[PDB]
Amino acid sequence: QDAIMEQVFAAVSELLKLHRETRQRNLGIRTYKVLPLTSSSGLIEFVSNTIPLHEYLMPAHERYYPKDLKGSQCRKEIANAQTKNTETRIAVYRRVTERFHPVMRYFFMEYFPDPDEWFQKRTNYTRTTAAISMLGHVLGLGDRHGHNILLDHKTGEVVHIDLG
Amino acid sequence: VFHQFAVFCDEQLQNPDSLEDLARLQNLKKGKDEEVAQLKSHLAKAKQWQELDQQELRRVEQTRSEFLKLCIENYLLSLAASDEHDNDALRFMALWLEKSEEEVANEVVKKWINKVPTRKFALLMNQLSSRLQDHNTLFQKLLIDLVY
Ligand SMILES: Nc1ncnc2c1ncn2[C@@H]1O[C@H](COP(=O)(O)OP(=O)(O)OP(O)(O)=S)[C@@H](O)[C@H]1O
Ligand SMILES: [Mg+2]
């Protein structure tokens with residue numbers, strides 16, 4: 001499933017190169033290689049110098065906001081109110097995100113301290129996120145949690161894996 | 001103002017997203033009830049999840065019922081106010097004949113129908129006189145009085 005869908009996504013991203021506006025901005029997706037050996041095993045290409053989005057975000061949240069909730073505390077508070085009406089779920093969610101502030105803007109300030117490199121890498125991040133967002137809407141792509149999204153800390157772009 | 005609001009509520013009813021949501025919740029309720037019928041804390045959790053589905057479905061259907069009320073009421077108010085929008089009679093008629101069973105639509109129509117000039121319905125007598133029946137329902141007591 002993952003290999004077939006990686007091939008489909010690569011083909012559509014190749015379609016993107018035939019238009020002036022998407023080609024001018026190098027809009028496309030980053031690919032990897034899945035190789036199924038048997039119905040129970042495979043070789044997956046370990047993408048070179050990335051870091052999972054969750055593995056960056058959970059330490060950074062407590063490094064930059066030591067008075068906020070931990071990530072596990074937010075997860076548990078959200079999971080406890082899972083068998084309740086929508087009003088209580090939304091109230092718990094607002095209460096939890098009022099004590100949890102985003103820290104993603106630091107990923108670029110601590111891997112690229114030069115403003116030229118910083119600006120280029122943040123633009124790469126925004127463009128690859130936009131392309132994969134539209135392409136994954138059109139193809140119904142789901143399972144987009146933090147362990148399926150990798151941050152390339154050499155070029156700034158995101159890689160989506162596990163596309164099944 | 002009234003035509004604006006009526007067209008908004010109507011567009012909120014015939015929304016493909018909301019119709020697919022209602023259909024998905026309906027299939028979920030059906031399948032969960034069938035699964036409960038299979039087994040009859042397995043039963044306990046299964047029926048708890050079934051009850052949660054029921055609450056979600058009640059919420060969605062109540063939202064749609066409010067939209068229907070507002071749509072019918074504002075179509076009737078817009079017909080009674082000006083002559084700018086007079087094909088609202090055809091749309092009101094389609095919407096009312098689709099909902100001839102839902103007593104909420106019939107209560108709203110009963111409340112607001114006597115303020116529209118009958119010249120707005122005068123050219124729709126082929127469709128009105130085709131639905132006449134003697135059934136003693138509220139829909140028929142409104143339809144026969146309008147035709148009269
Ligand atoms: N091709 C890949 N290249 C680089 N990192 C990867 C790749 N595939 C997975 N990872 C990461 O390496 C770790 C291994 O995770 P996996 O065991 O593959 O599945 P998982 O998502 O971590 O666990 P669950 O139960 O599926 S949420 C995770 O932190 C992934 O984000
Ligand atoms: Mg995974």
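So that the names make sense, note that chain A is the first sequence line, chain B the second, and so on, each numbered from 1. Only heavy atoms go into these numbers, but all of them, side chains included; no hydrogens, no water, no symmetry mates. Whatever order the structure lists them in is the order used to number ligands and atoms, beginning at 1.
With sequence neighbours excluded, no residue forms a side-chain hydrogen bond (donor to acceptor under 3.5 Å, both in side chains) with A/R63.
Atom CZ of B/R24 is separated from atom CD of B/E56 by 7.0 Å, given to the nearest 0.5 angstrom.
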| message | Determine whether B/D83 and B/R119 satisfy the following criterion, salt bridge (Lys or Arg N to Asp or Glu O under 4.0 Å), listing intermediate values before the conclusion. | response | CA-CA 11 Å; B/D83 278 67; B/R119 68 175 192 271; 3.2 Å; yes
N/O pairs closer than 3.5 Å, ligand 1 and protein:
unit_1: ligand 1; atom_1: 1 (N); unit_2: A/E45; atom_2: O; d: 2.8
unit_1: ligand 1; atom_1: 3 (N); unit_2: A/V47; atom_2: N; d: 3.1
unit_1: ligand 1; atom_1: 31 (O); unit_2: A/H147; atom_2: O; d: 2.8

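For the residue pair A/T128 and A/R30, no side-chain donor N or O sits within less than 3.5 Å of a side-chain acceptor on the partner. Using modelled atom types, one finds no donor on one side chain facing an acceptor on the other under 3.5 Å when comparing A/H61 with A/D68.
Around CD of B/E51, the count of heavy atoms belonging to other residues, nucleotides or ligands within 6.0 Å exceeds 12.
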